[PDB]
Amino acid sequence: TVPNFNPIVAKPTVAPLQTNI
Amino acid sequence: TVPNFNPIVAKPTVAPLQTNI
Amino acid sequence: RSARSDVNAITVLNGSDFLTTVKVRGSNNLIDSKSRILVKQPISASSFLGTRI
Amino acid sequence: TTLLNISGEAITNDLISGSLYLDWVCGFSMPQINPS
Amino acid sequence: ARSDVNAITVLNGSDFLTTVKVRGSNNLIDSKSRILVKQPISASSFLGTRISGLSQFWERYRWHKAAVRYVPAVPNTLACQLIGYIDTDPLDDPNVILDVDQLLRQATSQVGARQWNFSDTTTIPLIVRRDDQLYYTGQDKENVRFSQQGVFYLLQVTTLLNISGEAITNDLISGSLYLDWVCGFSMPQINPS
Amino acid sequence: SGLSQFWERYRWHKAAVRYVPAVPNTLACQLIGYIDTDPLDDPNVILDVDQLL
Amino acid sequence: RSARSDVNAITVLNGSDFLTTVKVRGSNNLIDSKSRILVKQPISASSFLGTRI
Amino acid sequence: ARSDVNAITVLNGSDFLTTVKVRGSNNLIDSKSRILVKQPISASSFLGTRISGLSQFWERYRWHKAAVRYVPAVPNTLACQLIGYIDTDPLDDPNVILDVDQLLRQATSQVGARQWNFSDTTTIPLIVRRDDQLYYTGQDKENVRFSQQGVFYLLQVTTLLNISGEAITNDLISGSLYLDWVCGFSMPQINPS
Amino acid sequence: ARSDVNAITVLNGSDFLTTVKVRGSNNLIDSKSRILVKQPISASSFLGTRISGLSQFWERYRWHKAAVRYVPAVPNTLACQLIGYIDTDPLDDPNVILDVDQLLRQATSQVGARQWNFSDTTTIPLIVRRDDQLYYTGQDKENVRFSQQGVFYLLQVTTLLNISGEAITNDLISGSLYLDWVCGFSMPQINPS
Ligand SMILES: [Ca+2]
Ligand SMILES: [Ca+2]
Ligand SMILES: [Ca+2]
Ligand SMILES: [Ca+2]
Ligand SMILES: [Ca+2]
Ligand SMILES: [Ca+2]
Ligand SMILES: [Ca+2]
Ligand SMILES: [Ca+2]
Ligand SMILES: [Ca+2]
């Protein structure tokens, strides 16, 4: 039960147009 | 130590395409 | 004698890997049914050459 | 479906779209060494 | 003022490495064409930078916590994935590999690897070894495992495409690489040049 | 800069330039912003681009 | 992003294996010093092809 | 790895300055001829050295403990009294002095001045100010008191004479100067060149 | 009596290296001519010595406190400035340098470098690295950074000159070098020869 053998992680990030300030 | 002499504030706002309902 | 253990144990281990890329076939090549099959990858443990699994 | 762009036009380049990962868990049973 | 001591001068900084150039369609015809960068991460691998200039004035070094940082010079409407990793073995060479998926898999297999789109930014860390080893600064010599602590490979996973389905063919620049580093050099000297 | 004239000396205790973009993410260009604490370092003498960067 | 763990861990594991056979050279072939060297086997982990280590 | 703080990276070393040359009889015909060495002690005054190299990679500096060392390259059979002082004000120039003994006096009066024969070795210390001021590491610019923390002046007091009370005229080379320093640099950067 | 453990047998000694020879005027016609001694400091570099003998009976070594000593064999009436540094990287070779003062600078910059006249005696220390690395004791093989912990370089800075400002040309013998060391050997064995 070798833990964390080939772990991979996913994390999204939205890319909107015209980020306004 | 005159407080709040020339204060400025920034606040973003994302502008995504096709905001769906 | 030098006998080797007669114990059959289930060695379970977990991890991720990378199968392959997907290639959508496009209007030119997409003229048949088989043309719409983009990936045929077995899931046998020994079907992923580069991986360490 | 057909591969199409912003417009309702189909593309003809036969491009690549992404990748596939396998998040797996396997139990092996009998130690050995397979030949090759 | 004539102290004969050898002390590690751990000091930080940041440096501009290179403008990367995703390959496109014309030049990208095989697998090794997808290796955009093959850049050693030895202190003295970047001539005009500050890290290399300092390195020149010491024998040894050891990245205590280094990191490569990609800053995109493109918009988000363009799309192309990239995989970046740092093999701690300067000799392990994937250029010999013919299958692209094999190369991307032996990349993702490395521990400190990352994947990302050339329109956003990330950070490619360097995973330092465990045997307290130091490395030399001079120009790479007979062997490389004496000098290089790692080698940064930057890969092209997808095809370069734009707003429309148009497949770009001109091998244009996508971003810029930056090294946010921390290392300690041990023995004062001057390396020839 | 008008109050400045009413005193004879100054020292920034905390200064930070802040960039306010006006373009969308459909354009791209890398920038470098550093504040050099020696007014006599003029990059215009530098001919090499990568050296400047 | 799909980032791969930045954790360097020492995976220690133990077991036995089989190096090779020994061939004593005998009076005919034993006519030199090198003739008395029966085994030159590195102990590198990757010097035992058939083994699983 | 990407810290923005500024710390003092104090580090030691030694460096080679130049070879000294006593002036002799024919060339020594005035008071300014007795000034053999006018050598600033700014970190960036010796190009091929380690001190100037390092200096190029910082904005400010401060000698914590410096010392100019003289190493003779001549036998004991020759004699010539020298004086070595490091003036903490570079604009102070003795070349404008016409009286020779006045020059020797304003030299000896420096708190870190040393006198010795050109066949002996001795250490010329640098004396550091009390206000904590930091100096700049680049080439000398509109003013000199920002960069140069000191200026090493070497004097020929007596005439070069052989075994007897007989003078020499060939203007032979006496020895070389070395710098044994420990300095504290403040702001990481790269200076132009 | 038949223990299998491995311990560090640190032991002291002194040994004779070779006789130095200043180059003179006629032979000194370039920058590589000023390199009088290129002598590795590997324990097994001096055949008839005690250090190399002992080395032959161990696999690994590490200088704990070494020092090269110069003993003049000439009078005070002669003068020649030398520089002695022990480079901890053997592949660093100054013979490829053409500029002489650059060579003197890269020498002086070594943290354990000493300068002196060939009529005086002085000690050239060895400086030991910080990573605990051990070196090998056998003859030099495919690579040199495994065996040699250092390399002693002796320089002729000025020209050999007599009482006056007059040069010499006969290329006379100046003195001899000695090694005062204490080393720690690790693995008992006998090396081939
Ligand atoms: Ca590797
Ligand atoms: Ca070196
Ligand atoms: Ca600056
Ligand atoms: Ca003064
Ligand atoms: Ca002040
Ligand atoms: Ca400056
Ligand atoms: Ca060196
Ligand atoms: Ca080690
Ligand atoms: Ca050996």
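For every chain, the first residue of the written sequence is numbered 1, i.e. counting runs from 1 onward, and this need not coincide with the entry's numbering; residues without coordinates are not included. By the order in which they are written, chains take letters starting at A while ligands take numbers starting at 1. Taken from a larger assembly, the chains shown here are the sole basis for all values reported. Water and hydrogen atoms play no part in the side-chain values, which are based on all heavy atoms of the structure.

Structure determination for this entry is recorded as cryo-EM, at 2.92 Å resolution.

In the annotation of the PDB entry, chain E is listed under the name Capsid protein and assigned to Macrobrachium rosenbergii nodavirus. Here the PDB entry title reads "Cryo-EM structure of giant freshwater prawn Macrobrachium rosenbergii nodavirus (MrNV) semi-empty VLP".

The PDB entry lists chain C under the name Capsid protein, from Macrobrachium rosenbergii nodavirus.

Draft legend 1. Structural context of the interface of chain D and chain C. In this description, contact between two residues means that some pair of their heavy atoms is separated by no more than 4.5 Å. Contacts between the two partners involve 23 residues from chain D, matched on the other side by 29 residues from chain C. When two parts are brought into contact, each loses some accessible area as probed by a 1.4 Å sphere; the total of that loss over both is the buried area. Carbon and sulfur atoms make up 59% of the surface buried where chain D meets chain C, a total of about 2,300 Å² over both sides. Interface area lost by chain D to chain C is led by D14, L20 and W24 of chain D, which between them contribute 29%. Any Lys or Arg side-chain nitrogen located within 4 Å of an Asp or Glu carboxyl oxygen qualifies as a salt bridge. Viewed at the interface, chain C and chain D are joined by zero salt bridges. Counted as a polar contact is a pair of N or O atoms within 3.5 Å, where, for protein atoms, one must be capable of donating a hydrogen and the other of accepting one, and residues adjacent in sequence contribute only when both atoms are in side chains. Connecting chain D to chain C are 14 residue pairs in polar contact. Under the scheme applied here, ten amino acids are nonpolar (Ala, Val, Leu, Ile, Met, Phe, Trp, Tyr, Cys and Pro), four are charged (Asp, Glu, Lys and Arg), and all others, including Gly, are polar. Among the residues forming the side of chain D that touches chain C, the class breakdown is 14 nonpolar, seven polar and two charged. Following DSSP output, two strands are said to pair if at least two bridges run between them. Working definition: helices are DSSP H or I runs of at least four residues, strands are E runs of at least two. Numbering for both runs from the N terminus. In this structure, strand 1 (residues 11–23) of chain C lies alongside strand 1 (residues 16–28) of chain D, joined through twelve bridges in antiparallel fashion. Of the residues in strand 1 of chain D, the one forming a bridge with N14 of chain C is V25 of chain D.

Draft legend 2. Up close: the coordination of the calcium ion (ligand 1). Taken together, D87 of chain E (OD), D87 of chain E (OD) and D92 of chain E (OD) make up the full set of protein donors to the calcium ion (ligand 1), lying 2.0 to 2.8 Å away. With a 1.4 Å probe rolled over the protein chains alone, any residue whose accessible area is under 20% of its type maximum counts as buried; one over 50% counts as exposed, and the rest are partly exposed. Given the relative accessible area of 10%, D87 of chain E is considered buried. Note: metal donors comprise N, O and S atoms at 2.8 Å or less from the metal (3.2 Å for Na, K and Ca); water molecules are not included, so apparent gaps in a site are possible.

Draft legend 3. Inspection of the coordination of the calcium ion (ligand 2) at higher detail. Those donors, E59 of chain E (OE), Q189 of chain E (NE2), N191 of chain E (OD1), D89 of chain I (OD), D92 of chain I (OD) and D92 of chain I (OD), are the protein atoms that reach the calcium ion (ligand 2), and they lie 2.3 to 3.1 Å from it. Note on geometry labels: four donors, all angles 85 to 135 degrees, give tetrahedral; four donors become square planar and six octahedral when opposite donors are over 155 degrees apart and every other angle is between 65 and 115; remaining cases are irregular. Around the calcium ion (ligand 2) sit six donor atoms; with metal-centred angles ranging over 43 to 162°, the donor geometry is irregular. Between the calcium ion (ligand 2) and the calcium ion (ligand 7) the interatomic distance comes to 4.8 Å, and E59 of chain E is a ligand of both metals. Remark: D92 of chain I occurs in the loop between strand 5 (81–87) and helix 2 (100–108) and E59 of chain E occurs in the loop between helix 1 (50–55) and strand 3 (60–61); the pair is interchain, linking two chains. Assigned by exposure class, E59 of chain E and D92 of chain I land together as buried.

Draft legend 4. A look at the packing of aromatic side chains. Residues and elements named next belong to chain I. Aromatic rings from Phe, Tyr and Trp, taking only the six-membered ring of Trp, are treated as a pair when their centres fall within 6.5 Å; an angle between ring planes under 30 degrees marks them as stacked, one over 60 as edge-to-face, and anything in between as tilted. Under the defined criterion, the tally for this structure stands at 30 aromatic pairs over all chains. Taking the centre distance of 5.4 Å and the plane angle of 20° together, the rings of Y85 and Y153 count as stacked. Taken together, the residues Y85 in strand 5 and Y153 in strand 9 (residues 151–156) connect sequence positions 68 residues apart. The burial state of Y85 is the same as that of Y153; both residues are buried.

Draft legend 5. A look at the pairing of strand 4 (residues 67–72) of chain I. All names here are of chain I. As paired strands, strand 4 and strand 7 (residues 123–125) are joined by three bridges and run antiparallel to one another. Its bridge partner lying in strand 7, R69 is registered against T123. In this sheet, strand 10 (residues 173–185) lies alongside strand 4 in antiparallel orientation, the contact comprising five bridges. What sits directly across from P72, in strand 10, is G175.

Draft legend 6. Structural context of the pairing of strand 5 (residues 81–87) of chain H. All names here are of chain H. Judged by how many residues are buried, strand 5 sits mostly within the fold: six of seven residues are covered. One ladder, built from four bridges, connects strand 5 with strand 6 (residues 114–117); its direction is antiparallel. When the sheet's bridge partners are listed, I83 is paired in strand 6 with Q115. Where strand 5 and strand 9 (residues 151–156) come together, six bridges link them in antiparallel fashion. Bridge pairing in strand 9 links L82 to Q156.

Draft legend 7. Focus on the UniProt feature "binding site: Ca(2+) 2" (unreviewed entry) in chain E. Under the local residue numbering, the UniProt record ascribes the feature "binding site: Ca(2+) 2" (unreviewed entry) to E59, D89, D92 and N191 of chain E. For the residues just named, distributed over 133 residues, the greatest C-alpha separation reaches 26.6 Å, placing them at more than one site. Beyond its immediate chain neighbours, meaning those up to four positions away, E59 of chain E contacts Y135, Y136, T137, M187, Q189 and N191 of chain E together with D87, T88, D89 and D92 of chain I. Setting aside its immediate chain neighbours within four residues, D92 of chain E contacts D87 and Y153 of chain E. UniProt positions are given in the numbering used here, feature names are shortened, and annotations may be inferred rather than shown by experiment.

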